[PDB]
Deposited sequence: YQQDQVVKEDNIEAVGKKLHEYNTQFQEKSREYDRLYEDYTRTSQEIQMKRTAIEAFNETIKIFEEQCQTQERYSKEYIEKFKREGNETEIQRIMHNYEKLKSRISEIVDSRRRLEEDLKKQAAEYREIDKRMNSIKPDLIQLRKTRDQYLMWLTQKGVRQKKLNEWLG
């Protein structure tokens, strides 16, 4: 009416096995979760570093703008003074400024590429976790069902301990 099993030693043996499997699967999930957290922390660090490149590039481009507006006047002056010496220095100095920007831009690009790869890793870590979770929960439940069965059967706590530990 009340619809909802072999010997005790054989159920107890399976309790030891399933518990070992639960502890092994738990430690695996713990490993991935350490990676999940570390990678999450690294990703924000990289994202903040990208903002730091963006901000550094911004100030360089202000320098470029400032160089254009500001130079304008002095370039005109030593033109009507055959001081093409100084014009040449100002322009060459400005060409060095532009060149350094290209190095900074390239560096920012290299990091964007790394953050893209690590973003893929984050998602892979999160995928593997989600394929481990059902094994983990199922193994927890099975372990608990075996204990309950043995406990109902009147099996002593010391015998249950040695199967779990």
Fill in the blank from the handout: The deposited sequence goes unmodelled at 1, 6-8
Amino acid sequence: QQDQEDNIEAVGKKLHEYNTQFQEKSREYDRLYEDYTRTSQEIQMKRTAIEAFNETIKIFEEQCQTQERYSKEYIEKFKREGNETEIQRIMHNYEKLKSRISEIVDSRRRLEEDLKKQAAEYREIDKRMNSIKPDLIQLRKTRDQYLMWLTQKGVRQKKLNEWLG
From here on, numbers count along this sequence of modelled residues.
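In this text, rigid core is short for the largest set of C-alphas that superpose within 1.5 Å between two forms.
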Handout entry: Higher-deviation stretch (C-alpha RMS, rigid core fit) in 9 other deposited structures of this protein, choosing from 76-84 and 89-97
Key = 76-84
Exercise for the section: Specify whether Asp6 falls into a modelling gap in a third or more of the other PDB entries of this protein. Expected result: no
Problem - Which of 75-83 and 91-99 has higher mean CA B factor, as the PDB entry lists it - result: 75-83
Problem - Stretch exceeding the other in mean C-alpha B-factor - 145-153, 6-14 - result: 6-14
Problem - CA B-factor ranking of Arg108, expressed as a third of its chain - result: lowest
Practice task
Quick one: classify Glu28 as lowest, middle or highest third of the chain based on its Cα B-factor.
Solution key: middle
Completion exercise
Tertile call for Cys64 (CA temperature factor, within chain, third-based) is the lowest
Handout entry: For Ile132, the third of its chain into which the C-alpha B factor falls
Key = highest
Problem - Chain-relative CA temperature factor third for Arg140 - result: middle
